[PDB]
Every structure is written in structure tokens, then in C-alpha cells.
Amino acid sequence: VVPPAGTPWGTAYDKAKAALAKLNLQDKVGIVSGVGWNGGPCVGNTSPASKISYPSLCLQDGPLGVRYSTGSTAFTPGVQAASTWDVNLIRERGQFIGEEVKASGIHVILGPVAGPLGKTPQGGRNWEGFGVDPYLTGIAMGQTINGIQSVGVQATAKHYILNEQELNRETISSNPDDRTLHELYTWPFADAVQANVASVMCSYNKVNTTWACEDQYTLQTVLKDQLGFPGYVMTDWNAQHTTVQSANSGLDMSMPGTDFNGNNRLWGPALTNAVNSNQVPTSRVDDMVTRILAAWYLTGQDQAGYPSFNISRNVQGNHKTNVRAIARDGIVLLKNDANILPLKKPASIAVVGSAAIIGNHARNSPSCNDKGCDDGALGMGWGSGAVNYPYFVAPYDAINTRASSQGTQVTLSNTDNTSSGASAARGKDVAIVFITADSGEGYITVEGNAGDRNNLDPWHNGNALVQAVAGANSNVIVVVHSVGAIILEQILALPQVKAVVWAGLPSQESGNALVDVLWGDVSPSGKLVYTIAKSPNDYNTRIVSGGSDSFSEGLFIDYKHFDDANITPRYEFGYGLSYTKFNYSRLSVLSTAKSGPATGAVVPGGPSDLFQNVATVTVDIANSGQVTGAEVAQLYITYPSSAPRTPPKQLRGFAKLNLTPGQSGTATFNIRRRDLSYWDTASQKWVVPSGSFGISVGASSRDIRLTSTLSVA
């Protein structure tokens, strides 16, 4: 409805209303209408309103840093940040991004990403988000937006909603049932809203046959009325289709204003015309401006002294510490047989694979615009969510420096030639093989991949490369840099493969991060944020070629499908090895949670009680092994069986504890009312069912160490 007084949004609204009263229609139309594709200096720009000292609003990509900048940090993709399971690193990433954005004189950063959530492993842009889980992605969304906006920068929660594949993204209709729409996909956007996100970007796709940027139900009823979003909705780039319907459905901002060619200017003069011809009421436009100006006042951008736009400025500072930390702590150790890792003092190391060295990807090459290539070391996927590297630390260069410092001889085979890799690996103590898979936004086809991936195999003949190295060496370590799940069964069937390092997407700090882990300066502590199956056929969704995706799987995506269908994955959601072991004890559940619908008045996030704590689950974690390591403890909740069909397990908590040998620590999971709720379609309300909730705590979604119950009368 409207934000409550005495809150940041409430005060922003008071300011916004006073500013609105000083404006005429042209002022207002200029505020809501982008100047045109490449019409201003930024990715998006609106028209200034000097009467209220409102600048031309400057909007820039993206979720991992400042796009087109030559003096900015390339932060890790969101998927790597979520792979840390570290709320502190996640918030810091947001803060550091915020700092660079403001320092570059940009008002709005186009991120973080809650949509796509990532139901299909082949999804081209899943890596921009925070994994497959709505709870984790939601927590990550909230932490990142707190971080960004604490600096005084506007964040943009995108893409709203159901943009789960790149193929035909501008035409396909996503048609899930109501409960699925709310309880799975909308969930993380509620976290974003509750975090006071300034803006939300509507998606390219249709939702139940209606384009997302024209959908009254999702934009007005769900986002604005049910989630109580007080900010503004912008379109993805040329995702607007009508002048009048888009406006009346709840669209607030036409971005960038035209199509690539300067056509399809649906607002601007056309909006002026639609208001004058009484097709769009002035009240609607007045609401657009209030939301936009409120976001400006909320972030304090009205105050004198905001830096001017300049993406040539070196705004990096020491922010690389975050990239280093996340690239490092987001690595998932998948296999460590015979404890080959960490490496001690081997006489010789073979380094094999084109992905070991600097290539056109790391170099910001003319052959790799928008990072549309997997050439040499990989740090992120491609598209609007990619940025320029200020530098790039290749795995090889970092491995060579560390190994040479201890007398270890390094032999490099820097291509993906199987015979060269064999020659390099022959007679060496260990062989480290580098493989990749890449994907991105659906306007670039890279090596026959239209955005989404064609398959879940390693690129550049990675499987055959590993097989050749295994023919020549007993002690193979496989390092994988990837936008998502790869079927590892061919690699795992080779007895010579002793270690598998799921390194993820490390950006500029690739090599340093890997060495930290490989040599055991730190223990790996990342855990998977998606399921790695034994077969491509174990996944229950595919990239759809037709005009419709019925989302027939409903609530059962990724690990929820694997649990429901009784399928054993190779590596489950929340799985990660360490150089040490941890044990869990002393499970306690404190709860005052009461059943029924949420009852609080709608504020940002929904009814005011939904994000409030109703319960607390606690476990002790001790490092029982030989070395220092951080453990990610996970809480999974099973709803009463009397409640409507729900996945058997749902992530509803996580904690990360660094523990030296013999150290014990407390993991505390705070449970919000919504964490015990399901969406009831008939009443359009979040409801806590009565009964006994299963409480499961452990090291992964399958490695449950302790169980208890939470009882709701």
C-alpha cells in the first residue's frame, strides 16, 4: 500500500511528495522515460529535473561490478559469493560494489540477481544469481542490497520474473501455478524488497501469456501490493511492448527508452500523448515519479556532493580482498582421495589445459566483448553481467610462483591437446588438469552455445583431456571453472583422478585463490549451491524450445526433485569437503511460532510479521580433525505432512564457523515466520500450518547429522 511513517521508505515518501508538487507533466515524463538506447553516457539515463535538483539518473550494469569501466574491480559472480555461504563476505561484496559505483558517479547499479533462480543447469545466466535455493538466494539478495545501499547507491533486483532460460526469452511464456510463482520464484524478491531495494527490473519473458513489463498481477498485485514494494519498476532493455497497458499495469520506468535502432519509443512523447488523450491517468504517472524520487531520497542522492559520472576513474582501492576471499572461500572441494590435497613438497608438477593460462577472456580482447568467449582462464560468464578485468591472476602463473619457491619443477602444457597433456604429465608426482564450461546472456552464441548450454559436458574436449592425462599419470587433480553443473562421471570413473576441485567462477583472483586452497594455506570451505547429478536425465527440467514452459515441476526444482524422486546425485546441494572433519552436537529448538495466516499490515516484504523471528535453532560444531577449517552448517525443515504438498526438505538456515583443531562453536539459525509458511493460493496469504515440523541439521542436504522437531499448535 504505502510505507509506514518513521521508516526509511516513509520519510523518503514525504520528501518525494513535496518534490512532485513542484513538477509539471514534462518534468514527470522526463523522469520516467529513458533518453534512448545509448542516448546518454550511462547504460540507462533519464531526463534531469532542475526544479528539484534531480540529475539525469545514471543507470549502469551490473551484478558483479561497473560495466565499461577501465578502473573498476571485477567482483566474483553472485554464484561464487553464495558458494561461500558467508553472509559477511556477501554483504561486503555489496558494500565494495556500492563504493565503486558511487565513486564512478553512477546512481543505479543493475543488480543483484534473484531471477533466474536457476531451475535448469543449462540456464545461461544462472551464475549471475545465488544458486537454486530461494532461501539462500533471498538471504544473499538482502545482504547484498544492504551492502550496496549502505553506500548510498540504488540497487536493482532483477529479473522479475520467471526468466529461467535464455532461449526465446523475449517471446516464451512462463506459466507456473500460483503457489509456485509465490513460494519459489517470488520468494527472493521479497527478501530484496524487505531489504529496501530501490528498484526492480521486469523481465523479457511472458508470464501466463502477458509480457512481464505489462503484467498487472505480478507488477501491481504481487510486487507492489502483496510485497509492499515502495520503489520503482524499470524494464529490462527494450522489454516494454505498449505505451498504455505497461503504464497502467504498474511499470514506472522505460529503459533505455528505445530499441537498439532508436525505434519503439513507447513513453516520452507517446506517454505525454497517452496522458493528454486520457489513456493513462495522471495519478499513475504521479505514482511512477513518487517511487523514482523516493528511491533517490532513500539513498541520500539528493544531498550535494555526489560524484560526477566517470568510468575512467580508478575506484578499486583494496577491494580485491573481497574478490580474493570469495574466489578462495567459494571453491568446493568435491573429491580428495588419499589426501593428495593439500600439496606438500612434490618434486614436480604438471599443469595442463588452456584454462590454466591467460587468454582472450582474461585480456579484455576485441574477440571477447561482453566476455563472450571461454579462451584461457575463465572468471565469469558472458553478457551484460560481465565486466572488464583490471588484471587477472592465471592459475598457472600463481602455481608456478608457489611451486618454484619450494624447489618444485613445473611443466606446462598450455593447450587442450590430449597428447601434449600426456607428455607434460608423464613421470610427474602430480598432474593438475584445468577444464571449464561457460554460458551467458542469449544475444551471444559462443562455440555453438546460444547463451544457455547445449550440454553438461566440459568444453574444449575436457573429458578426453582428463582421460589422456590419467593414461600418463597416477595422481591427477582436476580443477574445474564453471558457470554451473557438469556431469563428472567420466572423470570420476578414472582411478587416477584423486582430487576434484570445483573452483567455480573466481574473476580476477583466480590463481591466488586456488593456490591458497591447493597448498592448504586455507582449508576449502565452499559448498555447492546446485546439484551435480550422475546423469543429465536426472534433472527434471530442460531448456524449452516451444512458446510455453508450463513449469509443471512446480516447487520441486534441483535438490527438491532429487529428494522427492529418490535420486542419488553425485554431489548434492550443500555438499563440500574440507581438509578436516567436524561434528555436530546439542541440537536445541526454541519456538513461540503460532499457526495460521500472517496477520501484520503489509510493509516492504509483505505482512509485517513475515520477516520477524518466531524460532531459534542451535547446534554446536567442533573441529575434530587435524587442521584448521571452516564449516558450513545447514538447517533443513520438513513441513507437517498434513500441509499441502511441499518438498521433503527446504533450506531455512545456514551458518559458517572457522574452527581450529579442538575448537567448538555455536551455529545459530534464526527462523522467521515465513520460514515456516507456505503460500495459500485461495486466500493469497502466507500460512503456517499446525503440526510437527521436521528439523534437520547437517553438513549438506543429504549429510544430516542431527534431527529434532518444531511443534506448532
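Quick note: we count residues from 1 along the sequence shown, nothing fancier.
Per-stretch averaging of Cα B factors for 434-442 and 397-405 places 397-405 on top. Of the two segments examined, 273-281 and 325-333, it is 273-281 that shows the higher average Cα temperature factor in the deposited entry. Ranking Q143, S507, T592, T156 by the C-alpha B-factor listed in the PDB entry places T592 at the top. Remark: of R453, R265, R125, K102, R265 shows the highest value [criterion: C-alpha B-factor in the PDB entry].
For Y539, the recorded CA temperature factor ranks within the highest third of the chain's modelled residues.
The deposited CA B-factor of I52 belongs to the highest third of values across its chain.
Placement of the Cα temperature factor of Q60 within the chain: lowest third of the modelled residues, per the deposited record. Ranked by C-alpha B-factor against the other modelled residues of its chain, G383 falls in the lowest third.
Ranked against the other modelled residues of its chain, the C-alpha B-factor of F669 as given in the entry falls in the middle third.
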